[PDB]
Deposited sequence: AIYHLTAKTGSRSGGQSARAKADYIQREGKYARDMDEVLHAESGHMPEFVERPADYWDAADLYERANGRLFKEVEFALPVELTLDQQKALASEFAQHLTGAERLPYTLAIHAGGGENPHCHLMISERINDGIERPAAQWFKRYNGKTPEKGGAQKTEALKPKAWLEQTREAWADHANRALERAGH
């Protein structure tokens, strides 16, 4: 079957922290988590103690005309069990952020019960393993001396072909998961 996937960037009055708290049902929404079946983040730099700490910095330090994150949304196969959905979502997140270790946060939602879906926000900053304070992470990159500037930005999510290529990738992933699940 077809599992539609869409995507958009957040710079108008978009707040990374608010978005992260909403999809994970954290913070103010801590008293309404039934909609969240799973949540996970990855590739977070050392200064981050909690995923939200990364989004807080992004909101407090990224320049106005900067890309706070790329939000991706995709439906999950209903036949799959929750564990199978968890593995699939994680697997696909790695597919999009694993090469360049782009920090990300994803959450799986129980759309009613007939429409399970996944929200995934990707930070377009390359984690090179070099420690940088929160106030320095989003500064401009310094090619000559990486440790003295911000994390380098990635252009991998900007190409025009990226959307359909991601859809084809998601399809290949969902399909693969379905067959080895018996379906």
Walk along the deposited sequence from position 1 and note every stretch that has no C-alpha coordinates.
12 to 13
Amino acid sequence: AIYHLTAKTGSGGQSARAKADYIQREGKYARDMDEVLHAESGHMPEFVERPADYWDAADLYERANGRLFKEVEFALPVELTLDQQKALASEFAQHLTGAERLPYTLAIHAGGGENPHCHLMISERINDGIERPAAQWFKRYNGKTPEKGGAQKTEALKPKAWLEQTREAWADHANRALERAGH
From here on, numbers count along this sequence of modelled residues.
Taking the recorded C-alpha temperature factors, which stretch has the higher mean, 51 to 59 or 31 to 39?
31 to 39
Mind pulling up the entry and telling me whether 138 to 146 or 41 to 49 has the higher mean Cα temperature factor?
138 to 146
With respect to the C-alpha temperature factors reported in the PDB entry, which of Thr154, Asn127, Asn65, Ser123 ranks highest?
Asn65
By its CA B factor, does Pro77 count among the lowest, middle or highest third of the modelled residues in the chain?
middle
Taking the values exactly as deposited, rank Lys158 by C-alpha B-factor within its chain and report the matching third: lowest, middle or highest.
highest
Ranked against its chain, the third holding the CA B-factor of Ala169:
highest
Comparing against every modelled residue in the chain, figure out the third that the C-alpha B-factor of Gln14 lands in (lowest, middle or highest).
highest
